[PDB]
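Novice: Pasting target.json below, which is JSON, C-alpha atoms and all ligand atoms.
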[["chain", "number", "residue", "atom", "x", "y", "z"],
["A", 449, "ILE", "CA", -9.27, -23.41, 74.36],
["A", 450, "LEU", "CA", -11.68, -25.55, 76.39],
["A", 451, "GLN", "CA", -10.46, -28.04, 78.98],
["A", 452, "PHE", "CA", -12.37, -30.89, 80.61],
["A", 453, "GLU", "CA", -13.52, -28.64, 83.48],
["A", 454, "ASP", "CA", -14.97, -26.24, 80.91],
["A", 455, "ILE", "CA", -16.68, -29.11, 79.08],
["A", 456, "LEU", "CA", -18.54, -30.31, 82.17],
["A", 457, "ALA", "CA", -19.43, -26.82, 83.40],
["A", 458, "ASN", "CA", -21.22, -25.80, 80.17],
["A", 459, "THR", "CA", -24.43, -27.74, 79.52],
["A", 460, "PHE", "CA", -24.11, -27.43, 75.73],
["A", 461, "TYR", "CA", -20.51, -28.67, 75.85],
["A", 462, "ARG", "CA", -21.42, -31.44, 78.32],
["A", 463, "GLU", "CA", -24.22, -32.69, 76.05],
["A", 464, "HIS", "CA", -21.66, -33.05, 73.24],
["A", 465, "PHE", "CA", -19.34, -34.97, 75.55],
["A", 466, "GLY", "CA", -22.24, -37.22, 76.50],
["A", 467, "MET", "CA", -23.06, -37.85, 72.84],
["A", 468, "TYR", "CA", -19.42, -38.84, 72.42],
["A", 469, "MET", "CA", -19.77, -41.29, 75.32],
["A", 470, "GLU", "CA", -22.82, -42.85, 73.67],
["A", 471, "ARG", "CA", -20.73, -43.28, 70.51],
["A", 472, "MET", "CA", -18.17, -44.97, 72.79],
["A", 473, "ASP", "CA", -21.15, -46.96, 74.17],
["A", 474, "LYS", "CA", -20.28, -45.79, 77.73],
["A", 475, "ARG", "CA", -22.78, -43.01, 78.47],
["A", 476, "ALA", "CA", -23.45, -44.49, 81.92],
["A", 477, "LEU", "CA", -20.16, -42.96, 83.12],
["A", 478, "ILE", "CA", -21.18, -39.40, 82.26],
["A", 479, "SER", "CA", -24.78, -40.16, 83.36],
["A", 480, "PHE", "CA", -23.61, -41.32, 86.77],
["A", 481, "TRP", "CA", -21.39, -38.25, 87.03],
["A", 482, "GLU", "CA", -24.40, -36.12, 86.08],
["A", 483, "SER", "CA", -26.60, -37.81, 88.71],
["A", 484, "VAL", "CA", -24.18, -37.17, 91.59],
["A", 485, "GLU", "CA", -23.77, -33.58, 90.41],
["A", 486, "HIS", "CA", -27.55, -33.27, 90.80],
["A", 487, "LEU", "CA", -27.39, -34.86, 94.25],
["A", 488, "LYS", "CA", -24.58, -32.46, 95.21],
["A", 489, "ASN", "CA", -26.77, -29.44, 94.35],
["A", 490, "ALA", "CA", -30.27, -30.71, 95.10],
["A", 491, "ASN", "CA", -32.91, -29.73, 97.61],
["A", 492, "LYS", "CA", -32.86, -31.91, 100.70],
["A", 493, "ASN", "CA", -36.29, -33.40, 99.92],
["A", 494, "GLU", "CA", -35.33, -34.88, 96.56],
["A", 495, "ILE", "CA", -32.21, -36.58, 97.96],
["A", 496, "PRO", "CA", -34.03, -39.88, 98.86],
["A", 497, "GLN", "CA", -35.36, -40.42, 95.33],
["A", 498, "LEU", "CA", -32.03, -39.40, 93.77],
["A", 499, "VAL", "CA", -30.03, -41.89, 95.83],
["A", 500, "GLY", "CA", -32.33, -44.81, 95.00],
["A", 501, "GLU", "CA", -32.19, -43.90, 91.31],
["A", 502, "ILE", "CA", -28.38, -43.86, 91.41],
["A", 503, "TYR", "CA", -28.22, -47.31, 92.99],
["A", 504, "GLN", "CA", -30.76, -48.78, 90.55],
["A", 505, "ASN", "CA", -29.84, -47.22, 87.17],
["A", 506, "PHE", "CA", -26.20, -47.87, 88.05],
["A", 507, "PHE", "CA", -25.04, -50.77, 90.23],
["A", 508, "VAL", "CA", -28.29, -52.69, 89.53],
["A", 509, "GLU", "CA", -29.95, -52.25, 86.14],
["A", 510, "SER", "CA", -26.54, -51.42, 84.64],
["A", 511, "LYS", "CA", -23.13, -52.55, 85.94],
["A", 512, "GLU", "CA", -20.59, -50.21, 84.30],
["A", 513, "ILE", "CA", -19.06, -48.22, 87.15],
["A", 514, "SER", "CA", -15.79, -49.54, 88.63],
["A", 515, "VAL", "CA", -15.96, -49.86, 92.39],
["A", 516, "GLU", "CA", -15.71, -53.73, 92.61],
["A", 517, "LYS", "CA", -16.52, -54.80, 96.22],
["A", 518, "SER", "CA", -14.57, -52.69, 98.74],
["A", 519, "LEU", "CA", -16.76, -49.54, 98.53],
["A", 520, "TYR", "CA", -19.90, -51.42, 97.49],
["A", 521, "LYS", "CA", -20.66, -52.06, 101.16],
["A", 522, "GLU", "CA", -20.49, -48.31, 101.78],
["A", 523, "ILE", "CA", -23.13, -47.83, 99.06],
["A", 524, "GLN", "CA", -25.48, -50.30, 100.74],
["A", 525, "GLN", "CA", -24.76, -48.77, 104.11],
["A", 526, "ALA", "CA", -25.66, -45.34, 102.71],
["A", 527, "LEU", "CA", -28.87, -46.69, 101.21],
["A", 528, "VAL", "CA", -29.98, -47.97, 104.59],
["A", 529, "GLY", "CA", -29.05, -44.75, 106.39],
["A", 530, "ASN", "CA", -26.01, -45.69, 108.49],
["A", 531, "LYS", "CA", -23.41, -43.86, 106.43],
["A", 532, "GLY", "CA", -24.01, -40.70, 104.40],
["A", 533, "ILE", "CA", -24.05, -39.97, 100.68],
["A", 534, "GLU", "CA", -20.36, -39.07, 100.69],
["A", 535, "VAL", "CA", -19.59, -42.50, 99.17],
["A", 536, "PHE", "CA", -21.25, -41.32, 95.96],
["A", 537, "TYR", "CA", -19.11, -38.16, 95.97],
["A", 538, "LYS", "CA", -15.90, -40.20, 96.17],
["A", 539, "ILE", "CA", -17.05, -42.58, 93.42],
["A", 540, "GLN", "CA", -17.86, -39.50, 91.33],
["A", 541, "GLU", "CA", -14.27, -38.31, 91.73],
["A", 542, "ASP", "CA", -12.98, -41.71, 90.56],
["A", 543, "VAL", "CA", -15.33, -41.65, 87.56],
["A", 544, "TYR", "CA", -14.23, -38.09, 86.81],
["A", 545, "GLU", "CA", -10.56, -39.09, 86.63],
["A", 546, "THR", "CA", -11.54, -41.98, 84.34],
["A", 547, "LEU", "CA", -13.42, -39.72, 81.93],
["A", 548, "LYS", "CA", -10.58, -37.21, 82.09],
["A", 549, "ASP", "CA", -7.67, -39.66, 81.54],
["A", 550, "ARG", "CA", -9.10, -42.21, 79.10],
["A", 551, "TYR", "CA", -12.08, -40.60, 77.37],
["A", 552, "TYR", "CA", -11.39, -36.86, 77.13],
["A", 553, "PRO", "CA", -8.12, -37.32, 75.12],
["A", 554, "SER", "CA", -10.11, -39.16, 72.47],
["A", 555, "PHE", "CA", -12.89, -36.54, 72.70],
["A", 556, "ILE", "CA", -10.62, -33.60, 71.86],
["A", 557, "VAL", "CA", -9.88, -34.99, 68.36],
["A", 558, "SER", "CA", -13.55, -35.64, 67.51],
["A", 559, "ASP", "CA", -15.83, -33.10, 65.85],
["A", 560, "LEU", "CA", -18.06, -33.01, 68.94],
["A", 561, "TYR", "CA", -15.24, -31.03, 70.62],
["A", 562, "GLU", "CA", -13.50, -29.27, 67.72],
["A", 563, "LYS", "CA", -16.61, -27.46, 66.44],
["A", 564, "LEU", "CA", -17.68, -26.10, 69.88],
["A", 601, "ZN", "ZN", -33.25, -31.25, 91.59]]
Mind turning the file's structure into C-alpha cells?
Specialist:
Amino acid sequence: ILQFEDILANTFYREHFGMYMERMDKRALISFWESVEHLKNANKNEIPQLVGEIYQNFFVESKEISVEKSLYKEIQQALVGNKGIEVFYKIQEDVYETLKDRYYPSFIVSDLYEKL
C-alpha cells in the first residue's frame, strides 16, 4: 500500500502523479516540487542556472504557487545573493503539504494510482 512519500520517491510512481496533476491542470505544483528536489541534490555548479529557472518558470512565466507577498521578497533576495536558497526549500514544504492534503486524496481513487 503506497503512501504519498512512496509516490514521490519512485520515479515511475511520481510520473503518474504528475500526469494526474496535468489532468487537474496544475502540473506546475509537482514541477516546482521536482525542481527544488533537483536543487536540493545538485552539484554546486548547476545551482545558479537552477535557481533562475525556478524563478522564471514559476513566479514569472507562470503564477501558480501560493506565497503571495510575504516570502516573495526572500525569493528576490536569494536571487541577488543576500539570502540563501533556503526560501525555496520552505516553499517546497508548503507545496508538498498542498499536494498531500488536497491533491493526493483525489489521486488515490484514480487509475493512475490504483494500477501501480
Ligand atoms: Zn543536476
Novice: Tell me which of A:500, A:462, A:524, A:511 sits closest to residue A:450, counting all atoms listed in the file.
Specialist: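 For residue A:450, the nearest of the given residues is A:462.
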Novice: 8 Å from ligand ZN 601 (chain A) is the threshold here; counting only C-alpha atoms and all ligand atoms, which polymer residues fall inside it? Answer as a ChimeraX atom specification.
Specialist: /A:486-487,489-491,494
Novice: Can you tell me which residues surround residue A:479 at a distance of at most 10 Å, considering all atoms listed in the file, apart from same-chain residues fewer than 3 positions away, and format the answer as a list in words?
Specialist: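 Returned residues: residues 466, 469, 474, 475, 476, 482, 483, 484, 485, 502, 505 and 506 of chain A.
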Novice: Only C-alpha atoms, please: the residues just picked out, written as a PDB file, in the frame of the given file.
Specialist:
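Output (result.pdb):
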ATOM      1  CA  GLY A 466     -22.240 -37.220  76.500  1.00  0.00           C
ATOM      2  CA  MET A 469     -19.770 -41.290  75.320  1.00  0.00           C
ATOM      3  CA  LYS A 474     -20.280 -45.790  77.730  1.00  0.00           C
ATOM      4  CA  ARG A 475     -22.780 -43.010  78.470  1.00  0.00           C
ATOM      5  CA  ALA A 476     -23.450 -44.490  81.920  1.00  0.00           C
ATOM      6  CA  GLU A 482     -24.400 -36.120  86.080  1.00  0.00           C
ATOM      7  CA  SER A 483     -26.600 -37.810  88.710  1.00  0.00           C
ATOM      8  CA  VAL A 484     -24.180 -37.170  91.590  1.00  0.00           C
ATOM      9  CA  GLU A 485     -23.770 -33.580  90.410  1.00  0.00           C
ATOM     10  CA  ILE A 502     -28.380 -43.860  91.410  1.00  0.00           C
ATOM     11  CA  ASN A 505     -29.840 -47.220  87.170  1.00  0.00           C
ATOM     12  CA  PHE A 506     -26.200 -47.870  88.050  1.00  0.00           C
TER      13      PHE A 506
END
Novice: So the first atom is atom CA of residue A:546 and the second is atom CA of residue A:457; what is the distance between them in Å, to one decimal place?
Specialist: 17.1 Å
Novice: Which one of A:533, A:564, A:543, A:499 sits closest to residue A:451 if you count only C-alpha atoms?
Specialist: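 Of the candidates, the smallest distance to residue A:451 is held by A:564.
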Novice: Considering all atoms listed in the file, return as a ChimeraX atom specification whatever protein or nucleic-acid residues lie within 12 Å of stretch 550-552 of chain A, sequence-local ones (same chain, fewer than 4 positions apart) excluded.
Specialist: /A:450-456,462,464-466,468-475,477-478,543-546,556-558,560-561
Novice: Using Å and a single decimal, report how far atom CA of residue A:548 sits from atom CA of residue A:525.
Specialist: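 Answer for the atom CA of residue A:525 to atom CA of residue A:548 separation: 28.6 Å.
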Novice: What is the distance, in Å and to one decimal place, between atom CA of residue A:528 and atom CA of residue A:514?
Specialist: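 Calculated distance between atom CA of residue A:528 and atom CA of residue A:514 is 21.4 Å.
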Novice: For each of A:460, A:496, A:449, A:516, take the minimum atom-to-atom distance to residue A:529, counting all atoms listed in the file, then give the residue where this is smallest.
Specialist: A:496
Novice: Could you please fill out stretch 451-472 of chain A with N, CA and C atoms and send it back as a short mmCIF file (atom, residue, chain, number, x, y, z; two decimals), in the frame of the given file?
Specialist:
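Okay, this is what ended up in result23.cif:
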data_model
loop_
_atom_site.label_atom_id
_atom_site.label_comp_id
_atom_site.auth_asym_id
_atom_site.auth_seq_id
_atom_site.Cartn_x
_atom_site.Cartn_y
_atom_site.Cartn_z
N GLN A 451 -11.00 -26.90 78.27
CA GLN A 451 -10.46 -28.04 78.98
C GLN A 451 -11.62 -28.85 79.53
N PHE A 452 -11.31 -29.98 80.17
CA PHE A 452 -12.37 -30.89 80.61
C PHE A 452 -13.29 -30.21 81.61
N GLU A 453 -12.72 -29.41 82.52
CA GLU A 453 -13.52 -28.64 83.48
C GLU A 453 -14.50 -27.72 82.76
N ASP A 454 -14.07 -27.10 81.66
CA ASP A 454 -14.97 -26.24 80.91
C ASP A 454 -16.03 -27.05 80.18
N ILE A 455 -15.71 -28.28 79.79
CA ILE A 455 -16.68 -29.11 79.08
C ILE A 455 -17.84 -29.47 80.00
N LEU A 456 -17.52 -29.87 81.23
CA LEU A 456 -18.54 -30.31 82.17
C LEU A 456 -19.34 -29.15 82.73
N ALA A 457 -18.74 -27.96 82.80
CA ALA A 457 -19.43 -26.82 83.40
C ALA A 457 -20.44 -26.18 82.46
N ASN A 458 -20.26 -26.30 81.15
CA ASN A 458 -21.22 -25.80 80.17
C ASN A 458 -22.15 -26.93 79.73
N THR A 459 -23.46 -26.69 79.81
CA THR A 459 -24.43 -27.74 79.52
C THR A 459 -24.43 -28.11 78.05
N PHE A 460 -24.23 -27.14 77.16
CA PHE A 460 -24.11 -27.43 75.73
C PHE A 460 -22.90 -28.31 75.47
N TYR A 461 -21.74 -27.90 75.99
CA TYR A 461 -20.51 -28.67 75.85
C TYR A 461 -20.66 -30.06 76.46
N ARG A 462 -21.25 -30.15 77.65
CA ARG A 462 -21.42 -31.44 78.32
C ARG A 462 -22.34 -32.37 77.55
N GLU A 463 -23.36 -31.84 76.88
CA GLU A 463 -24.22 -32.69 76.05
C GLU A 463 -23.43 -33.28 74.89
N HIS A 464 -22.48 -32.53 74.33
CA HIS A 464 -21.66 -33.05 73.24
C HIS A 464 -20.68 -34.10 73.75
N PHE A 465 -20.18 -33.93 74.97
CA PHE A 465 -19.34 -34.97 75.55
C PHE A 465 -20.15 -36.22 75.80
N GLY A 466 -21.39 -36.06 76.26
CA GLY A 466 -22.24 -37.22 76.50
C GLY A 466 -22.60 -37.96 75.22
N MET A 467 -22.87 -37.22 74.14
CA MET A 467 -23.06 -37.85 72.84
C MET A 467 -21.83 -38.64 72.44
N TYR A 468 -20.64 -38.08 72.68
CA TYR A 468 -19.42 -38.84 72.42
C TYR A 468 -19.39 -40.14 73.21
N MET A 469 -19.79 -40.09 74.49
CA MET A 469 -19.77 -41.29 75.32
C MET A 469 -20.78 -42.32 74.86
N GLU A 470 -21.89 -41.88 74.25
CA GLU A 470 -22.82 -42.85 73.67
C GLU A 470 -22.23 -43.49 72.43
N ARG A 471 -21.47 -42.72 71.64
CA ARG A 471 -20.73 -43.28 70.51
C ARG A 471 -19.64 -44.24 70.97
N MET A 472 -19.07 -44.01 72.16
CA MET A 472 -18.17 -44.97 72.79
C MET A 472 -18.93 -46.03 73.56
#
